[PDB]
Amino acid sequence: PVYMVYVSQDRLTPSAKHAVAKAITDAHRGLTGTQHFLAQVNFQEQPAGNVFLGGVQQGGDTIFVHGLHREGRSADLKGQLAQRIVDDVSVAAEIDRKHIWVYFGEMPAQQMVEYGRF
């Protein structure tokens, strides 16, 4: 998979970035088998105030996780995975769960090339 992680600049220390990457990676690994290859977590930082909810400028604690997945997993499994991401990122990023949005996009596995794939 690739997890694009949208966070405000400097909210995550180097240690926290590692912790959040671990939380997401371990979540994915925990809910998949040996078919799993490698999870990428790609942090995308922007200055605080670049997020608006209902038109209202936010203070910088929001995290949006956009997970790019292969097709085929059940709704129940994806639900468990999103839940685990919310729970574990909440701890790693030191934020209330309400600050976390998680969206999954699915693609045919054939058009997902990793580290020189298929």
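In case it trips you up, residue 1 is the first one in the sequence shown, and so on.
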TODO: Averaging the C-alpha B factors as listed in the entry, name the stretch that ends up higher: 74 to 82 or 34 to 42.
DONE: 74 to 82
Open item on the list: When the Cα temperature factors in the entry are averaged, is it 3 to 11 or 107 to 115 that ends up higher?
Closed with: 107 to 115
Open item on the list: For the chain shown, is the CA B-factor of residue 102 in the lowest, middle or highest third of its modelled residues?
Closed with: lowest
Open item on the list: When the deposited Cα B-factors of this chain's modelled residues are ordered and cut into thirds, is residue 16 in the lowest, the middle or the highest one?
Closed with: middle
